[PDB]
Asks: 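The structure's right below; bear with me while I get my questions together.
No hydrogens, no waters, no symmetry mates; every other heavy atom, side chains included, goes into these values. Residue numbers start from 1 in every chain, and the chains themselves are labelled A, B, ... in the order their sequence lines are given, proteins ahead of strands.
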2 protein chains.
Amino acid sequence: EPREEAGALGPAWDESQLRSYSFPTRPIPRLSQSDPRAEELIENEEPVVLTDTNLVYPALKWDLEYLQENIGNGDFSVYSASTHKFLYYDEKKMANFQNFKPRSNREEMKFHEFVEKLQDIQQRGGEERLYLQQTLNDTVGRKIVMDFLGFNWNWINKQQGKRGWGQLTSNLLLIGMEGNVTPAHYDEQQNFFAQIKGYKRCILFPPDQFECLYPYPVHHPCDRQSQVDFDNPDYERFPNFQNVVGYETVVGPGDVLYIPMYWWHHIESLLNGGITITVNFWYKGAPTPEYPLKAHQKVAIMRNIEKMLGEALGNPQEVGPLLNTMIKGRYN
Amino acid sequence: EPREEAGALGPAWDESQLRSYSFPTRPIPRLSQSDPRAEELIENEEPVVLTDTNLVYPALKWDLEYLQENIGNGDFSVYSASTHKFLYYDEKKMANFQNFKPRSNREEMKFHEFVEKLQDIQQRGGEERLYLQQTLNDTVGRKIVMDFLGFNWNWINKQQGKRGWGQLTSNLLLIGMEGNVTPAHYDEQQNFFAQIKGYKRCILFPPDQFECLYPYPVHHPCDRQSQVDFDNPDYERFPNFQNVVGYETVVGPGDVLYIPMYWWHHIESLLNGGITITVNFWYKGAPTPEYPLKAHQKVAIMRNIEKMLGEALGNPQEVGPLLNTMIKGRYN
Ligand SMILES: Oc1c(I)cc(Cl)c2cccnc12
Ligand SMILES: Oc1c(I)cc(Cl)c2cccnc12
Ligand SMILES: [Fe+2]
Ligand SMILES: [Fe+2]
């Protein structure tokens, strides 16, 4: 059931704001940071919404206005698509596949310019949507640095210690528009996903559902994304999508979602629900210490064979025919 | 056309002694050792029958009687099958596959005992056939050592030098019974196949016909053999067998066949043609020095991925499902 906001301000969100999908899902547990079960889920690399970290307390005041006034005149990466689906591609790998035009084009700008194109689009009721994805570096204004400084570093660094994780690799900041979807993909890093403004539906799939999810080829610029269009699944090409079962939740201002290493996540900003703000924190996982082997290690292996083959053969286009030659009438 | 033996002794063999097969084949060139074209085929790793090496001149006198009188009382590996097809299995790998009973059972013995079971079988018109495959070591009698000593070492060692090949790894000696088939398989070593007594039909396939030949899984005890039963090919399981094209020849006393590294060979002793004797010499190929990649190197690669996977997963039975997970809806 949708959560009731304090002081009776009404339901935070309602069902009609969520897209409809072919697969069932179960709920991710919402817990307190002090709960022993949350700690148990994290070490066990299972998802968990932590409702009371205060991780990004100072950022909760943030709207566009405030950020405009304070982030300063630096350069911000802005992605742009004529549709609700924001398929991230990888630029390095574009060389690997020629018959692939990007359907979502990046563009650098200043915050006011991003806010410009934002207010405009809404004022002219357009279908174009936008995402601001910017790895928070240095150019940022004094107040925002003060906001940053006030994040709950005690809590997060102590999680990094207990999990024996490696180093904080990045802090993306995300500002998007209502209805924005980030299609299913997995990451190699442990992730804390800190919600700030707006509501996001997060659907997660364990790594053992590799077979139902059909990642793009490793050398493909969409490496790590599902090939399956969730809005129109192709059961002829992707029969095992019919078997997919997700874990689902809705995060709002103050919630931190642990997205474990190698879990798929598909993320959507609520329809008619306004802009969204998230900040995420990524940590390199603990290093390798044993059988039975875990699903994610098997995924590591498939990736590695694929990388190796592309090297040995001098050509990523040849990986697929070599793999078929290897299994046809032999392993299949 | 079948070759005419000197002094008009009649056709060496006739068509009716050859089994009938679903695939076409072309002839391997019969050449002289002095011919520049033979040297050109060898360095190019293509097959060639050399008609005048004198490689095993002293052994041409050998029949059963002579060998009995001279090889001495040592131990000789003898394979035994209730059929014409001698499927060699690998003993180490038997652990890897349980639902596999060997259909051709080995047995050690003395030469007279082998000759015993030979004369008997013929006298009692039986379907059981036998092969003597013995890596010539030391136990052998003085005359046979003298025979050995007289082989054309000048010629063979000078081939090893020119080809930059590594070391002579083995000298099998083969004595079999008429109609014996050795089903298609490939070897990793360069091979000189020296015919001595009887006639053998050798059908060879280049390594680029991997796809039509369907080798068993690398961890299978029949690793390196075709899965295809040439006498009853299963075009449902092995569709690309329909595309197979071989190079064929008939070798007799005095002929040496170069079987290049990684070429498939399927070998059959002529029907109604009596016992056969061969001695083969195997050399480790030249070491690796470049694209485009050669078929055999690609075969090296498929083998390696397969070996790696079996290691990483701690279980050869899991190689196949991991490979399918890796290609299904991804590369196929
Ligand atoms: O890597 C990510 C980006 I970039 C943007 C979003 Cl919305 C994500 C959401 C969940 C997990 N990872 C995400
Ligand atoms: O490895 C071999 C054995 I053991 C027995 C036979 Cl009649 C062969 C014939 C051709 C090539 N290799 C062969
Ligand atoms: Fe992600
Ligand atoms: Fe062989």
Asks: Hey, does A/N171 have a side-chain heavy atom less than 4.5 Å from the side chain of A/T135?
Replies: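 No, too far: nothing below the 4.5 Å cut-off.
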Asks: Between B/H219 and B/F97, does the ring centre distance come in under 6.0 Å?
Replies: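 Judged by ring-centre distance (under 6.0 Å), B/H219 and B/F97 do not meet the cut-off.
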Asks: Given A/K298 and B/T325, is the side-chain contact (heavy atoms from CB on, under 4.5 Å) satisfied, shown in steps?
Replies: CA-CA 10 Å; A/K298 289 183 180 170; B/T325 289; over 6 Å; no
Asks: Hey, are the side chains of A/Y89 and A/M94 touching, using non-hydrogen atoms and a 4.5 Å cut-off?
Replies: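 Yes, side chains in contact.
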Asks: Hey, does A/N96 have a side-chain heavy atom less than 4.5 Å from the side chain of A/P221?
Replies: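 Of all side-chain heavy-atom pairs linking A/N96 with A/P221, none is under 4.5 Å.
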Asks: Between A/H265 and A/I203, is there a side-chain heavy-atom distance shorter than 4.5 Å?
Replies: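 Of all side-chain heavy-atom pairs linking A/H265 with A/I203, none is under 4.5 Å.
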Asks: Would you mind reporting whether B/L323 and A/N332 have side-chain heavy atoms less than 4.5 Å apart?
Replies: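 No, too far: nothing below the 4.5 Å cut-off.
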Asks: Any side-chain heavy atom of A/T249 within less than 4.5 Å of one from A/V251?
Replies: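 Yes. Closest side-chain heavy atoms under 4.5 Å.
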Asks: What pair of heavy atoms forms the shortest contact from A/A38 to A/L50, and how long is it?
Replies: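 Minimum heavy-atom separation between A/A38 and A/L50: CB-CD2, 3.6 Å.
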Asks: Please work out whether the ring planes of A/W165 and A/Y258 are parallel, tilted or perpendicular, with thresholds of 30° and 60°.
Replies: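 Rings of A/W165 and A/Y258: parallel, as their planes differ by under 30°.
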Asks: Take B/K93 and B/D223 through the salt bridge (charged side-chain N to carboxylate O under 4.0 Å, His left out) test and state the conclusion after the steps.
Replies: CA-CA 9 Å; B/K93 288 172 173 166; B/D223 172 23; 2.8 Å; yes
Asks: Run the side-chain contact (heavy atoms from CB on, under 4.5 Å) test on A/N180 and A/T276 for me, step by step, so that the C-alpha distance in whole Å, both residues' side-chain angles and the decisive distance to 0.1 Å come before the verdict.
Replies: CA-CA 9 Å; A/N180 280 354; A/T276 61; over 6 Å; no
Asks: Between A/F114 and A/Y131, is the ring centroid distance below 6.0 Å?
Replies: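 Ring centres of A/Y131 and A/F114 not closer than 6.0 Å.
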Asks: Quick one: sort the A/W153 and A/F281 rings into parallel, tilted or perpendicular, breaks at 30° and 60°.
Replies: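 Taking A/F281 first and then A/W153, their aromatic rings stand perpendicular (interplane angle over 60°).
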Asks: Donor-acceptor pair, distance only, cut-off 3.5 Å: does the side chain of B/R330 make one with the backbone of A/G320?
Replies: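 No, the answer is negative, given that no donor and acceptor are paired below the 3.5 Å cut-off.
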Asks: Going by distance alone, is a donor N or O of one side chain under 3.5 Å from an acceptor N or O of the other, for A/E127 and A/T83?
Replies: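 Their side chains do not contain a donor-acceptor pair, so the 3.5 Å distance test is not met.
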Asks: Do B/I305 and A/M326 touch side chain to side chain, with heavy atoms closer than 4.5 Å?
Replies: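 Yes; the side chains approach each other to less than 4.5 Å.
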Asks: For the rings on B/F238 and B/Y235, is their centre-to-centre separation under 6.0 Å?
Replies: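 No.
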Asks: B/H220 vs B/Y216 aromatic rings, parallel, tilted or perpendicular, using cut-offs 30° and 60°?
Replies: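 The arrangement is parallel - the two ring planes meet at less than 30°.
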Asks: How about A/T169 and A/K284: does a side-chain donor come under 3.5 Å of a side-chain acceptor?
Replies: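 No.
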Asks: Examine distances only and state if a side-chain atom of A/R3 and a backbone atom of A/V250 form a donor-acceptor pair shorter than 3.5 Å.
Replies: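 Yes: the side chain of A/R3 pairs with the backbone of A/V250.
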Asks: Is it true that A/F192 and A/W155 have ring centroids separated by less than 6.0 Å?
Replies: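 Yes.
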Asks: Identify the residue among A/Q123, A/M177, A/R129, A/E113 that makes a side chain to side chain contact (heavy atoms under 4.5 Å, CB included) with A/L118.
Replies: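 Of all the options given, the one that passes is A/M177.
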Asks: Between A/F241 and A/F230, what is the ring plane arrangement, given parallel below 30°, perpendicular above 60°, and tilted in between?
Replies: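 Aromatic pair A/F241/A/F230 classed tilted.
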Asks: So do A/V49 and A/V256 actually touch side chain to side chain, heavy atoms under 4.5 Å?
Replies: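 They are not in side-chain contact.
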Asks: So, do A/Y186 and A/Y262 have ring centers that fall under 6.0 Å from each other?
Replies: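 So the answer is yes for these two rings.
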Asks: Is the backbone N or O of A/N232 less than 3.5 Å from a side-chain atom of A/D229, with the two atoms forming a donor-acceptor pair by type?
Replies: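 Yes.
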